[PDB]
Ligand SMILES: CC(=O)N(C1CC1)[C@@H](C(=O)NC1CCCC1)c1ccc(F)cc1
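In the block that follows, a single chain appears as structure tokens, in the form solved without this ligand.
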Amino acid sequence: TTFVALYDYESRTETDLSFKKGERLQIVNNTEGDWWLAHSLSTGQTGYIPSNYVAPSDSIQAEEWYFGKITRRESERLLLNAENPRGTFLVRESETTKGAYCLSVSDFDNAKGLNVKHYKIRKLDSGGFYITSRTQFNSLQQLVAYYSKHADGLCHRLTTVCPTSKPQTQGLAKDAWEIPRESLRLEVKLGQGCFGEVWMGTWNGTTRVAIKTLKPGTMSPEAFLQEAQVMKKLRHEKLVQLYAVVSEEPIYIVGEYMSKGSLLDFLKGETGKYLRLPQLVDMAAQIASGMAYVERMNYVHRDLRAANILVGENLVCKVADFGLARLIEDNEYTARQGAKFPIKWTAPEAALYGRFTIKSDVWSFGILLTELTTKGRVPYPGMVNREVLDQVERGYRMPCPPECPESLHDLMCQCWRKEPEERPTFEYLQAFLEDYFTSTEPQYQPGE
């Protein structure tokens, strides 16, 4: 009945437990969902561990190459990393056939360069697993072992397990949410905003975090606290996870530290000078994915723009600062006015009637699209804030950006429809962007 560690974990508190990948643990108390009390069968030490860093000792989830329910697309973003040798692989759940699996493998060809080939793994009614019926296997493990020795009609022999990064724990530690101010050390100033600052820091002397501070008089702690309850419930690979808070003014919001910074600066950077269309579209697709989750949760972002998107490794983009805008108490800002309100991203009905919805976020996404295709250039280049809303009201829309294909401009124009309900859904935008470049090639290589 033992569990095994899937990744290394460094202790963060006095009551938690460090372990290395592969270490056998006993779960001596599993009552709480996200932190379990465990006990190393190697060291004898006890302490709390994040439940997502372990799997049952003989399970399929224990397999280092088994990635579970991961999209085909997300699967490709990992496999295509330039460091991966050919034959890098992983196994995941097939999306299109329930109860089937999929072996994804990285390959190189002169026509295509670097690419990913997928093989659907079907399980027989008699019990076996196979890619080609010619050769079956009693488990996924055995399939993987055989194909690590002989290619046998796959593109390449299985060589290296697809590497991944450690997943985020749920919270910084068990029961940690409203944390004391003195547990944070501010180290490097990352940014400065209209209502506060962002800092790289350390929680509890151990854990690297980012800390956003709010000026006193920005919002009430009581309102901030009720909302933060809603925000901690939002969990998605394309949303910046909020870790903990300090509710008393000056308010702190503690979150994952995204070393690569905002999408906006990454776009303007030497980092952005040579980004090609396919990458811009893929970043757009992820943001739409995060927003599509917001959309399924019936939440509203309210401040969506390139500045509030954060970048990670492999061109990962995550939606940040969601919901907070609603709580800004500043007089001018509540009236959708003043040098702090992002009018250039705001749908006309939201600015005029304070009508903020997922549809006015769709409009902001259209604006964000023009940032992605113009290296972070400010929207409405020849206009000042105080003259945008009236232009937009009279039906003015930004023209197709230089070098932007009309098709993506047309998408932007759909996002900027006068009637909010005529605007597309984030679900539509996500699919449209993910499938922007049509491949003739087959979804799965033939079993043959």
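In case it trips you up, residue 1 is the first one in the sequence shown, and so on.
Keep in mind that the form deposited with this ligand bound is missing from the display, and what follows is about it.
Triplet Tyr274, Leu280 and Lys375 all within 4.5 Å of this ligand in the deposited complex via a heavy atom: No, the whole trio is out of contact, none within 4.5 Å by any heavy atom.
Among 323-331, 93-101, 359-367, 109-117, the region lying within 4.5 Å of this ligand in the deposited complex by heavy atom distance: Among the listed stretches, the partner-contacting one is 323-331.
Answer option from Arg122, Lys232, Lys340, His156, heavy atom within 4.5 Å of this ligand in the deposited complex: Contact residue from the list: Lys340.
Residue (of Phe195, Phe129, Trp177, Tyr146) lying close to this ligand in the deposited complex, criterion heavy atoms within 4.5 Å: Exactly one residue meets the criterion: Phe195.
4.5 angstroms heavy atom contact with this ligand in the deposited complex for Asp303: Although this ligand is absent here, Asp303 would touch it in the deposited complex, with heavy atoms inside 4.5 Å.
Partner proximity in the deposited complex: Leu214 to this ligand, non-hydrogen atom cutoff 4.5 Å: Flag for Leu214 set to yes.
Partner proximity in the deposited complex: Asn308 to this ligand, non-hydrogen atom cutoff 4.5 Å: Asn308: contacts this ligand in the deposited complex.
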